[PDB]
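Worksheet for the structure shown next.
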There are 4 protein chains.
Amino acid sequence: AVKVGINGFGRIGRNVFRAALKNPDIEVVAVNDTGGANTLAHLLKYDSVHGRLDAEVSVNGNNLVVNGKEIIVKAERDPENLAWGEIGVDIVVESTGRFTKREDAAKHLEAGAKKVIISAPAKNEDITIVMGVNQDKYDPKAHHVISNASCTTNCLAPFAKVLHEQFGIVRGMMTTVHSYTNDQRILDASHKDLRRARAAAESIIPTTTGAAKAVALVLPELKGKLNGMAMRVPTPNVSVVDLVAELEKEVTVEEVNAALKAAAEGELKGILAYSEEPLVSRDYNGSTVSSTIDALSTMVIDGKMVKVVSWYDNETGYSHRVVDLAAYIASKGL
Amino acid sequence: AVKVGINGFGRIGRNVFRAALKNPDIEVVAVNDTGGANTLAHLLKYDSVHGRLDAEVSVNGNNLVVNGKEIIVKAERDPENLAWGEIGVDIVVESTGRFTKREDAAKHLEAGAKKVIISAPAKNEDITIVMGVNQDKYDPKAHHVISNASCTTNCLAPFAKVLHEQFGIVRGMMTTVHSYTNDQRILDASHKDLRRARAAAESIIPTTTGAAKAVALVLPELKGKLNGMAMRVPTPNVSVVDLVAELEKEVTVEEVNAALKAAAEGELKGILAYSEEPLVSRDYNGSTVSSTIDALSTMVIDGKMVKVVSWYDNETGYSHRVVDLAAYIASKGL
Amino acid sequence: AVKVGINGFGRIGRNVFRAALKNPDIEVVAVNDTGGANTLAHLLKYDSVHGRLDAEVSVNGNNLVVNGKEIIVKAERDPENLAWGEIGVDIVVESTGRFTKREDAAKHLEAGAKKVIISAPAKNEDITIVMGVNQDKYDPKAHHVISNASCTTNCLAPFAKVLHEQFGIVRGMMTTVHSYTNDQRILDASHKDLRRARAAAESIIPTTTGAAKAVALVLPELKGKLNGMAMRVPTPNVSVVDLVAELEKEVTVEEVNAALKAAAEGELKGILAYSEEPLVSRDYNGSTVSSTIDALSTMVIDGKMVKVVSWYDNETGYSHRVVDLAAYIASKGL
Amino acid sequence: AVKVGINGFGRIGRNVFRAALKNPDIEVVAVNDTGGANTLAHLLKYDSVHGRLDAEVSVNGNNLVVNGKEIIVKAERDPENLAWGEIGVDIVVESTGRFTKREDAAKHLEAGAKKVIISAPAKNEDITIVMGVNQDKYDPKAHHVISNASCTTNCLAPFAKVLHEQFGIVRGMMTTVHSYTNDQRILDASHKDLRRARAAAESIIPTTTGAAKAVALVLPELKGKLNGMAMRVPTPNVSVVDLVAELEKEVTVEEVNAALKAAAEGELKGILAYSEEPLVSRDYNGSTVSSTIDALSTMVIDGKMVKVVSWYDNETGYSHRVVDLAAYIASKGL
Ligand SMILES: NC(=O)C1=CN([C@@H]2O[C@H](COP(=O)(O)OP(=O)(O)OC[C@H]3O[C@@H](n4cnc5c(N)ncnc54)[C@H](OP(=O)(O)O)[C@@H]3O)[C@@H](O)[C@H]2O)C=CC1
Ligand SMILES: NC(=O)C1=CN([C@@H]2O[C@H](COP(=O)(O)OP(=O)(O)OC[C@H]3O[C@@H](n4cnc5c(N)ncnc54)[C@H](OP(=O)(O)O)[C@@H]3O)[C@@H](O)[C@H]2O)C=CC1
Ligand SMILES: NC(=O)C1=CN([C@@H]2O[C@H](COP(=O)(O)OP(=O)(O)OC[C@H]3O[C@@H](n4cnc5c(N)ncnc54)[C@H](OP(=O)(O)O)[C@@H]3O)[C@@H](O)[C@H]2O)C=CC1
Ligand SMILES: NC(=O)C1=CN([C@@H]2O[C@H](COP(=O)(O)OP(=O)(O)OC[C@H]3O[C@@H](n4cnc5c(N)ncnc54)[C@H](OP(=O)(O)O)[C@@H]3O)[C@@H](O)[C@H]2O)C=CC1
């Protein structure tokens, strides 16, 4: 029903496409990227991390043909020239990573789209939404340039919410042991971050993250109470958040796990999950949820300090949330 | 001067051997391992993580010959038949990973040695020492079977001591993002630990660690105040400790780093180092200290919760501490 | 239909089980391994390379339950005590890697089995079969202990057959760039083979292979004509054969390629596959065929020397051939 | 003595700098790159593959200071604006990877340099040289735009020569199992080569190479007799050439290796090396020669077809040859 257009057919752009495939509410009608149709068709079909796409993919001229439907392919470096209006694209997924500033993303609205979903933290956006945490604050009349936050914020917020409501967070530190991404280097080379300039697959690479702070965007009561960092490691996909927090209430591992398990089966079902199996990162490659609690890792010291570990497929979970967001927006009245 | 014998010529045994070459006080005279002299010579000469041994290594009979010195090579699976006393071996480094209980390690003293140093946490040891933290509690009469603790406790204890003495630690939790060891599997295979049963170079593997509890063995004032877990990752060597602690005094990042820098330059010189460079794990490969503070990572929320990150070459740093301990015991009288 | 028992639930045993799931003719009813049921079930369900087993798996007592069926789990290191017959096991899949000598594998026959299939090269086996090559020489009276050869031989044989019948192989060399296996080491440690004693995920490790010579067992005409080596690399699965050969006839890439494609859709369908896509190893992870010609790599020099490259998932292609052999044998008579 | 300028301070540029340090005849006086002095200084001091630079390095304003010597750092994207003459640079090392066509490479000559060395196969260059093979064909009044060929060609050529002179190469095929380079992608991304568009550390990626045919540039006699391909694998540095050749003479493995060993100690000493140790890739990391025969791998079928395997540090051995070429050209008169 809702016609979607994707700007930047990269790791997130292609996985949003895959995610959209199984959703009948949304419909991707066009993609824009710097690469050509044939190169794009090849990368959509064969994925080193998620396997082959089970859908027939072809190229008809300058367009992709997926399961008989023609997807238009544009090669506009400048968003302003996209003409989303002519093709009837309602919602645009901004996933180039170049246009997270409102002044850039809005160029899509001026080009013909009705809503823009920036797939990353943004600046001067109308609203940052984390599904399961605050999609209710979205106003169809007021918000048009929306941010879906980072994969890490989507992983942390859902459970920081439950921890906050049930016991109360005084302050907390977090660390995400995260898989490497296309922002890193294969072998030592210039990068604006001297840590990310180092061979990605060869080391544990500490780097900064704003995901901790961003939680305040969706959970205002936590402003100034959380901070953290990231450690990029030699894995191609899937990451894990490690949150150590000072609680207001005295608690037990049993109480904490039970609270998390409850949310995962109730209110946050589909966003937050709960596991008691001794699994590893590879086991989570492909999970569509935003945050899966690794229940076995939960610990408490002095009844007030806690450690909660949650898994997340940074490409898949996130891409599913983008599609869910799109579908939610469409339903609230486009 | 003091003759040493190494039991278990593996990753730690060979690196202890490499460390001893640069120490005039200790003298390695014999090694015991299940492998044959030729295999052991090859593995000592060429190392995938540390490169070529800068010394002449050859085989004479079924004995090793290093830089002209003949090293007796034994092959007794039962420590009771090593006859250390006959060849004048006073100190034995127990690094097979199988004789960590005082009862077993003690078989070396029966074979004639005067002291045994277990290169790992032990059960029932006379004392557990972390050089720079509690070596002064070593008693020549009462302590024969000593544990050098884990590579992780050796990294944590030195700065936890500083944080404690300077600001007071109320409680803290740690996570070590650690390189894989010979205790894991290349491909999925039977293992006591179902996390460690999974392909080491393919996932982030949360695993348990007693390393945070063990700090209380060397710093009793911290008994019951710390806890933590581990995460094994696809790197062959070098690990990092991530410590989050609730302090008593309100501090700033500058105060925390200044204290750390001062100790690295003072009392803990040689054991605790300090760095303000944006480096990655591969850069600490070969580091001989026990803990190198990543100053650029220090963080603080609410003036009371601090985050400190420290690097450690789990093989080289620990192996150097073993040699330092052997040298310190010898100087106390054997 | 035909009852099968698996000896050694390792990578090949668990993948033979998985492949067994979609074949109506055979039925796995018992497994024997060094590990416990809970461990065996965990590793059967979660696989770091192939993913979650899409089947309900659980432990009932000392037994496994997989989609309602209860699989008998035993722990006998001595195959003579397995009592295959009491439980009706017709065919035994010997995949421990320890009993490759006929005298050893024959213990299962002493135990009540009727046929044994060694999942690797053997010594004094009654016959070595490569499905699609010489399975027609199996004689239910004459052969009881059969070898399914190596993953490499199953990859090389099918296309070396075609090439030989078509143009005449005068002589040729092969090199298999193979993923690492459980036979290698994570970090430097003792090994019969000093190349394989080195950290598996850190290097390109040259090693021997009898795969080229073993082709003579299934194709006598090629006796004394082929030879080769292996190079183990940092991937956990999927390998490729690189064959360079001198033909008797003068050929063109087109001809060589047409010959191979023709066979893939003809006689060798399901065993030999043909590809004109520019794919990479991870794309073949999960392929059930034995050999997939990488058509774009075929080269010819002087119209007489050819180069052919074929991919193979060493775990899946092989485990499927094992299941096929079991099914073929049974159809021939037990 | 001779003043050198490096255009493109990447993997090859920094390693050419390092090698240059060890040569008294050459003096690197300037570097041109897209990154700033601080970034460049950091990347030169810390290498993920080669370790810390054994030198005193600092940034004096906008220049590098290495052991007292100041290195002018420029940020020109267009070589025409480089002004090499202004600073006295006689030889320019073109290592950006973007100016291999004579039209671009010569812009250096126009900007004032006297000679240009292209660190890769070139187009319309005056001469392609492989040290130890045809450096003597260098004509100082004619040859101003020189290509040092590729790392692969530098590995193959030296031994292709010896085999030819001694037994006569009728024809041969080569495969290079090569480490990934900065030309590949960390994760699936657009690339003109759909093979190299795939996650570099996750697969065995077959790709093309012109290194076999390029041997004809330096050993004209072998024009039309060789061809081959490459396989990029998940290792950061060090590669191996696998050559299968049809010889004119009847040979034995001993005959083959004896020829190679002699050459390594004779004419090609310093370029070609010989090894009878069972080593692996990491062992060759840091090797300065261009090719090292893995003697244990030499194989022969029918006394006419040989297989020779040679290791090569693609970054170090090559950079040394670049510096050797610069020192040689200069000796002839600039
Ligand atoms: N990967 C992950 O785990 C997650 C990433 N994100 C965010 O998603 C965004 C994309 O990241 P990711 O998909 O990983 O990165 P990629 O590099 O894989 O993808 C970005 C795609 O956009 C293309 N592109 C760049 N500029 C243009 C342009 N001007 N017009 C059209 N297309 C263009 C790129 O091509 P090219 O660069 O080759 O020119 C590339 O194909 C980033 O902002 C990232 O922070 C959010 C959650 C998770
Ligand atoms: N790896 C690291 O970073 C650290 C490890 N340690 C500890 O040090 C110990 C060794 O670890 P690591 O070196 O990594 O392991 P390795 O497996 O590399 O070394 C252990 C060695 O002991 C040999 N061995 C086993 N049993 C005997 C025996 N009964 N008699 C003689 N030799 C024997 C083993 O041979 P084989 O395998 O053939 O049985 C192997 O060669 C463990 O306690 C570990 O926890 C401490 C700090 C760091
Ligand atoms: N992996 C591949 O690519 C291929 C391997 N093969 C062959 O299959 C055999 C196994 O290969 P792979 O699966 O990779 O090896 P694994 O190590 O994964 O599997 C071997 C299994 O046998 C078990 N085992 C060993 N001894 C006994 C015993 N005495 N009694 C009961 N169970 C035992 C092992 O348990 P434990 O470790 O606890 O002792 C292990 O789980 C080898 O011969 C190999 O060459 C053939 C084709 C392909
Ligand atoms: N790596 C190896 O094993 C070998 C490589 N070579 C060849 O050497 C060349 C360099 O390769 P390599 O060092 O591997 O690759 P790198 O990408 O690491 O090096 C290229 C360097 O040149 C810089 N650069 C790019 N464009 C310009 C420009 N317009 N002006 C100034 N500087 C520029 C790059 O900056 P930036 O990162 O911002 O684009 C980078 O620092 C290639 O031709 C390659 O084929 C030859 C033998 C071996």
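Rule-based calculations on the coordinates, nothing more; no lab input. Positions of Cβ are backbone-derived with ideal geometry, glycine not excepted, and every protein chain shown enters the neighbour counts.
Relative to the longest principal Cα axis of chain C, at what angle does helix C:11-20 sit, 0 to 90 degrees, rounded to 10?
80 degrees
Going by amide H atoms built from the backbone, whose H comes under 5 Å of the H on D:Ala273, apart from near neighbours?
Result for D:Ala273 returns D:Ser291, D:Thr292, D:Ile293.
Using a cut-off of 13 Å between alpha-carbon atoms, which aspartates and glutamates can reach C:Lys22, once sequence neighbours fewer than 8 places away in the same chain are excluded?
C:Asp54, C:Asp324
Kindly work out what percent of the DSSP beta bridges joining two residues of the protein assembly as shown are antiparallel, to the nearest 5. Before the final figure, lay out the partial values.
Details: 129 of 275 bridges.
In the protein assembly as shown, DSSP labels about 45 percent of beta bridges as antiparallel.
Looking at the square roots a ≥ b ≥ c of the eigenvalues of the Cα gyration tensor of segment A:159-240, which shape do they give, rounded for a/c under 1.5, prolate if a/b is larger than b/c, or oblate?
Numbers: a/c = 3.30, a/b = 2.43, b/c = 1.36.
Verdict is prolate for segment A:159-240.
Grab the alpha carbons of segment D:242-334, take their convex hull, and tell me the volume per residue in Å³.
On the way: hull volume 10.5 nm³, N = 93.
Dividing the Cα hull volume of segment D:242-334 by its residues yields 113 Å³.
For A:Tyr274, A:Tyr328, what ranking results if the residue with the fewest other Cβ atoms within 10 Å of its Cβ goes first?
Working: A:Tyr274 22, A:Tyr328 15.
Starting with the residue having the fewest Cβ neighbours, the order is A:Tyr328, A:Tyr274.
Using a label point 7 angstrom from Cα along Cα-to-C-beta, what distances in nm, from shortest up, separate D:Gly224 from the other copies?
Label-point distances to the other copies, shortest first: 3.4, 8.3, 8.9 nm.
GluC sites (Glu not before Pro), restricted to segment B:250-279: which are DSSP loop and have at most 16 other Cβ atoms within 10 Å?
Numbers: sites: B:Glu250, B:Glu254, B:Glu255, B:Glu265, B:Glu267, B:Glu276; in loops: B:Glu250, B:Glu267, B:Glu276.
Answer by residue number: B:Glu250, B:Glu267, B:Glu276.
Starting with the highest mean, order B:281-292, C:181-192, A:307-318 by the number of other Cβ atoms within 10 Å, averaged over the residues of each peptide. Intermediate results must be reported in sequence, preceding the final value.
Numbers: B:281-292: 23.3, C:181-192: 18.8, A:307-318: 25.9.
Packing order, densest peptide first, comes out as A:307-318, B:281-292, C:181-192.
Would you please give the residues with an amide H less than 5 Å from that of A:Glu70, counting only those at least 5 places away or on a separate chain, with H modeled from the backbone geometry?
The answer is none.
Suppose you put the label 7 Å out from Cα in the Cβ direction; list, shortest first and in nm with one decimal, how far C:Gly168 is from each other copy's label.
Distances to the matching label points in the other copies: 2.2, 9.2, 9.4 nm.
Taking only Cα atoms, what is the 0 to 90° angle, nearest 10, from helix B:253-265's long axis to the longest principal axis of chain B?
So the helix axis and the longest Cα principal axis differ by about 30 degrees.
Within a Cβ distance under 15 Å of A:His108, other residues only, what is the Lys/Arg minus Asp/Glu net charge? Kindly include the intermediate steps, with their values, before the conclusion.
Numbers: positive: A:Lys3, A:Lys74, A:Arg77, A:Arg98, A:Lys101, A:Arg102, A:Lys107, A:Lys114, A:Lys115; negative: A:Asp33, A:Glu76, A:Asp78, A:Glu80, A:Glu86, A:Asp90, A:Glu94, A:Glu103, A:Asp104, A:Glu110, A:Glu125, A:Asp126.
That sum, taken over residues with Cβ under 15 Å, equals -3.
Helix-only estimate, please: 222 nm mean residue ellipticity of chain A, summing -39500 (n - 2.57) across DSSP H runs of length 4 or more and dividing by its residues, to the nearest 500. Walk me through the intermediate numbers first.
On the way: 8 runs with 87 residues, N = 334.
Only helices count here, giving -8000 deg cm²/dmol.
Run the numbers on segment B:105-173 and let me know its relative contact order in percent, using alpha-carbon pairs under 8 Å that are six or more apart.
Details: 74 pairs, mean separation 22.7, N = 69.
With pairs under 8 Å counted, the relative contact order is 33 percent.
Provide an ascending nm list, one decimal, of label-point separations from D:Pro140 to the equivalent residue in each further copy; define each label point as 7 Å from Cα along Cα→Cβ.
In ascending order, 7.4, 8.3, 8.7 nm.
Mind checking the mean number of beta-carbon atoms from other chains within 10 Å of the Cβ atoms in B:205-215? Provide the component values of the computation, followed by the final result.
Details: counts 5, 12, 3, 3, 0, 0, 0, 2, 0, 0, 0.
Rounded to a whole number, the mean comes out at 2.
Report the label-to-label distance for B:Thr34 and D:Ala75 in nanometres (one decimal), using points 7 Å from each Cα along the Cα→Cβ vector.
5.9 nm
Could you tell me which of C:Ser190, C:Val289, C:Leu217 has its Cα farthest along the dipole of segment C:150-314 towards the positive end, charges placed at Cβ (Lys, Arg +1; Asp, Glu -1), taken about the Cα centre?
Selected residue: C:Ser190.
Which residue fluctuates most in the GNM of chain A (Cα springs below 10 Å): A:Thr176, A:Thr100, A:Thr207?
The residue that fluctuates most here is A:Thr207.
For segment A:201-257, how big is the tail of P(r) above 17 Å, as a whole percent of Cα pairs? Each step should come with its number before you reach the end.
Details: 882 of 1596 pairs.
I get 55 percent for the Cα pairs in segment A:201-257 exceeding 17 Å.
Could you work out the Kirkwood radius for the protein assembly as shown, taking every pair of different alpha carbons, averaging 1/r and inverting it, reported in Å? Don't skip to the answer; put the middle values down first.
On the way: mean 1/r = 0.0300 Å⁻¹.
Kirkwood hydrodynamic radius for the protein assembly as shown: 33.4 Å.
Which order results if C:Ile26, C:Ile87 are arranged by neighbouring Cβ count within 10 Å, fewest first?
Values: C:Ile26 25, C:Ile87 14.
By the 10 Å Cβ count, ascending, the order reads C:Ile87, C:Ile26.
Using +1 on the beta carbon of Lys and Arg, -1 on that of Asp and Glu, and nothing else charged, what's the dipole of the protein assembly as shown about the Cα centre, debye to 20? Kindly include the intermediate steps, with their values, before the conclusion.
On the way: 152 positive and 168 negative charges, 4 e Å.
Here the size comes out at about 20 debye.
With +1 on each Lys and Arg Cβ and -1 on each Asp and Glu Cβ, and nothing else charged, work out how big the dipole of segment C:1-141 is about its Cα centre, in Debye to the nearest 20.
300 debye
Roughly what angle does helix B:151-167 make with the longest principal axis of chain B, taking Cα atoms, 0 to 90 degrees, to the nearest 10?
The helix B:151-167 is inclined about 40 degrees to chain B.
Past the 28 Å Cα-Cα mark, which pairs from A:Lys161/A:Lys332; A:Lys101/A:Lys137; A:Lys192/B:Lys307?
Working: A:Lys161/A:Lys332 24 Å; A:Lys101/A:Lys137 21 Å; A:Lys192/B:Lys307 24 Å.
Going by Cα-Cα distance, every pair falls inside the 28 Å limit.
Computed on alpha carbon atoms, what radius of gyration and Dmax characterise segment B:150-314, expressed in Å?
15.9, 48
³J(HN,Hα) across segment D:326-333 via Karplus (A = 6.51, B = -1.76, C = 1.60, θ = phi - 60°), whole Hz, x for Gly/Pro?
4, 5, 6, 3, 4, 4, 7, x
Report, for chain C, the % of DSSP beta bridges that are antiparallel, rounded to 5.
Values: 31 of 68 bridges.
Roughly 45 percent of the DSSP beta bridges within chain C come out antiparallel.
Which ³J(HN,Hα) values, rounded to whole Hz and listed in residue order, are derived for segment D:293-302 from phi using the Karplus coefficients 6.51, -1.76 and 1.60 in 6.51 cos²θ - 1.76 cosθ + 1.60 with θ = phi - 60°, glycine and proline given as x?
Taking θ as phi minus 60°, the curve returns 5, 8, 3, 5, 8, 4, 9, 8, 10, 6 Hz for segment D:293-302.
Rg over Rh of chain A, using C-alpha atoms and the Kirkwood radius, what does it come to? It would help to have the intermediate numbers written out before the result.
On the way: Rg = 19.9 Å, Rh = 20.5 Å.
Result: Rg/Rh = 0.97.
In whole percent, what relative contact order does chain B give with Cα contacts below 8 Å and a gap of six or more residues? Intermediate values should be presented prior to the final figure.
Details: 742 pairs, mean separation 53.1, N = 334.
About 16 percent, as a whole number.
Please report the antiparallel percentage of the DSSP beta bridges confined to segment B:1-89, to the nearest 5. Walk me through the numbers on the way to the answer.
Details: 9 of 18 bridges.
Beta bridges within segment B:1-89, antiparallel portion: roughly 50 percent.
What is the fewest-to-most order of B:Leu279, C:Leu156 by other Cβ atoms lying within 10 Å of their Cβ?
Values: B:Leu279 23, C:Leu156 33.
Lowest count first: B:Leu279, C:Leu156.
So if I place +1 on the C-beta of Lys and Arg and -1 on the C-beta of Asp and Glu, and nothing else carries charge, what would the dipole magnitude of chain D be about its Cα centre? I want it in debye, nearest 20. Provide the component values of the computation, followed by the final result.
On the way: 38 positive and 42 negative charges, 141 e Å.
In total the dipole reaches around 680 debye.
Applying 1/(1 + (r/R0)^6) with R0 = 56 Å to the Cβ-Cβ distance of A:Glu110 and C:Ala1, what FRET efficiency is obtained, to the nearest 0.05?
On the way: r = 68 Å, r/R0 = 1.21.
In this case the efficiency is close to 0.25.
In chain A, which residue puts its Cβ closest to the axis that turns chain A onto chain D, and how many whole Å away is it?
Output: A:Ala201, 2.
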